[PDB]
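# here is my input, please return the structure:
(one chain, ligands or ions: 1)
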Amino acid sequence: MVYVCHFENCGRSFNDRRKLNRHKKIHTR
Ligand SMILES: [Zn+2]
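Numbers count the residues shown, from 1 in each chain. You can find the structure just below:
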């Protein structure tokens, strides 16, 4: 349904897992 990348500085809301599974790159390496 909805997914909120409320990381230790982020806060991005998304309406599918694919948007989060691609946003995760902004928190990779
Ligand atoms: Zn995030």
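
# when you work out contacts or count neighbours from here on, use the C-alpha atoms and nothing else.
Fine.

# ok, which residues in the protein are in contact with the ion?
Residues of the chain that fall close to the ion, judged by CA under 5 Å from the ion: 5, 7, 10.

# and residue 15, how many residues sit next to it?
Residue 15: 11 surrounding residues under other CA atoms under 10 Å.

# grab the nearest non-local neighbour of it.
Residue nearest to residue 15 in three dimensions, not counting chain neighbours: residue 2, with 4.5 Å by CA to CA, 6 or more residues apart in numbering.

# how much space is there between that neighbour and the ion?
14 Å (CA to the ion, to the nearest Å).

# now swap in residue 28 and tell me
11 Å.

# which one of the residues of the chain next to the ion is nearest residue 17?
residue 5 (10.7 Å; CA to CA).

# my read: the closest one touches residue 12, true?
Yes: counting by CA atoms under 8 Å, residue 12 is a contact partner of residue 5 at 4.9 Å.

# ok, those two, which is more surrounded?
For residue 5 and residue 12, the more surrounded residue by other CA under 10 Å is residue 5, and the numbers stand at 16 against 13.

# OK, contacts around that one?
11-13, 20 (CA atoms under 8 Å, 6 or more residues apart in numbering).

# on that earlier part again, neighbours around the residue nearest to residue 15, how many?
9.

# so what's it up against?
By CA under 8 Å, 6+ apart, the contact list for residue 2 reads 13-16.
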